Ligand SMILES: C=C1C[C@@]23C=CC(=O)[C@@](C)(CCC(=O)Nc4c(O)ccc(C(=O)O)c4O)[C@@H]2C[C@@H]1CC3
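There is one chain below, alone, in structure tokens, taken in the form deposited without the ligand.
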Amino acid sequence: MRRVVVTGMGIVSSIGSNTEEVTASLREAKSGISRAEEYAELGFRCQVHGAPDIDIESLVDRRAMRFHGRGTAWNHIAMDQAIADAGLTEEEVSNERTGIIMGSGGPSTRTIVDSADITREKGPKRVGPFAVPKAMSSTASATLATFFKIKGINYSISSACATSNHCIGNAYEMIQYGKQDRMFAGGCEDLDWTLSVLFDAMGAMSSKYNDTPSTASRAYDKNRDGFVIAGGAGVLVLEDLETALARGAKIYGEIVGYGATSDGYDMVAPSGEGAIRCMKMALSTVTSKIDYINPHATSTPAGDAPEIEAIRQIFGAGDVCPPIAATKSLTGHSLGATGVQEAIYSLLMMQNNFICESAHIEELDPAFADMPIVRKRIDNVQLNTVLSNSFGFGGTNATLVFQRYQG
């Protein structure tokens, strides 16, 4: 198998519109969560969200937007950033050896709802002719593949909150086995009431912190009460090692492990044992210690705990376990985007020699008192190997491990 490295990154997040802004937010534990007035107007329990703050029309031209929903527009921006970061030529973007696996946990629900509404109000013609590529589940891959003239692999994986972890892992495999030499991998999610309501109706999102939105997402806090939804996008450029070296690429890290398993248990709640198998599969090809864990931890009563038990099973407790810091306490949960964004956060922490605080822990849940959950930012630390989990509804598990390239 060939070795595979990350040569460029792009991101649109609730905690920044590029990697520099995201880094600053991570350093400073600056929350991306705000009040969602619209949710209040619609009668939601949860009235908080993690909204990007970015001017799409300034960054994606009108014709380029014809087939974009908002989530895939953010993904286009992230793609542009990743291409610029990697320093790719047009030929390097568009060739038979270069593909795309780019996903979202859902398509544009707003397109779907607006189309249904206008059909009934004004007639089917008024849907217009450009809705399918926005509404289809492959929207993120189809739009970017077309616009960037991708010639190799082109499809989307979805797996709920595991989506963009699986996108990256499958892209990794493609390169490992010699089918492609370069891949754009990642994903996105729109932020829209028509999606958020589905989660509010299940009681899954935080509602006890509406009056202090910035602290509503609080993985590992005793009084956590559900996740905070977000939107955004991320892209990694992946290359086989020889390709990267020969062109003088930047190497943000090497992908050294990938796990993908299934709980076969409950639709909404994790089993724990599936996560253990997933992490072990990712670690089976890793020779170095893990220096930092970016957990799935979404700030839910039922979710944060089984993953901690899985981590304890593999790594132990206390100082011998890698430091754990839940970035979702700052960012919220961006669904399809979360895996790739967490890969980016982890790689940026590796680049900058720090581990962020696991934010908003006002009182640690005593169930986790034995674990090295990061209570204050750790500075001047050399991270060489980082692990990130993402687990999704339907019992779907994905883990990635990235390593600092030293030969």
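Start at 1 with the first residue shown and count on from there.
- Looking at 296-304 and 162-170 together, the entry lists the larger mean B-factor for 296-304, computed on C-alpha atoms.
- For the segment pair 216-224 and 328-336, the entry gives 216-224 the higher mean B-factor, averaged over Cα atoms.
- Residues shown: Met202, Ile276, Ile251, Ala260. Highest C-alpha temperature factor in the entry: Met202.
- Residue set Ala369, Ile344, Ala51, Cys46: peak C-alpha B-factor at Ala369 (per PDB entry).
- In the PDB entry, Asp181 places in the lowest third of its chain by CA B-factor.
- Ranked against the other modelled residues of its chain, the C-alpha B-factor of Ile11 as given in the entry falls in the lowest third.
- Compared with the other modelled residues of the chain, the Cα B-factor recorded for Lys151 ranks in the lowest third.
- Annotation for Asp319: C-alpha temperature factor in the highest third relative to the rest of the modelled chain, per the entry.
- Among all modelled residues in its chain, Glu309 ranks in the highest third by Cα B-factor.
Below: the form solved in complex with the ligand, not depicted.
- Contact with the ligand in the deposited bound form, defined as a heavy atom within 4.5 Å, holds for exactly one of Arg218, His76, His333, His166, namely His333.
- For the options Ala269, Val113, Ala84, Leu245, the residue carrying a heavy atom within 4.5 angstroms of the ligand in the deposited bound form is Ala269.
- Annotated contact segment (heavy atom within 4.5 Å of the ligand in the deposited bound form): 197-205, selected among 236-244, 197-205, 68-76, 210-218.
- Heavy atoms of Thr298 reach within 4.5 Å of the ligand in the deposited bound form, making it an interface residue.
- In the deposited bound form, the ligand sits beyond 4.5 Å of every heavy atom of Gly16.
- Looking at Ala302, you'd find a heavy atom of it within 4.5 angstroms of the ligand in the deposited bound form.
- When contacts are judged by a 4.5 Å heavy atom cut-off, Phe227 counts as touching the ligand in the deposited bound form.
- Contacts between stretch 135-166 and the ligand, counted in the deposited bound form as any heavy atom lying within 4.5 Å, involve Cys161 alone.
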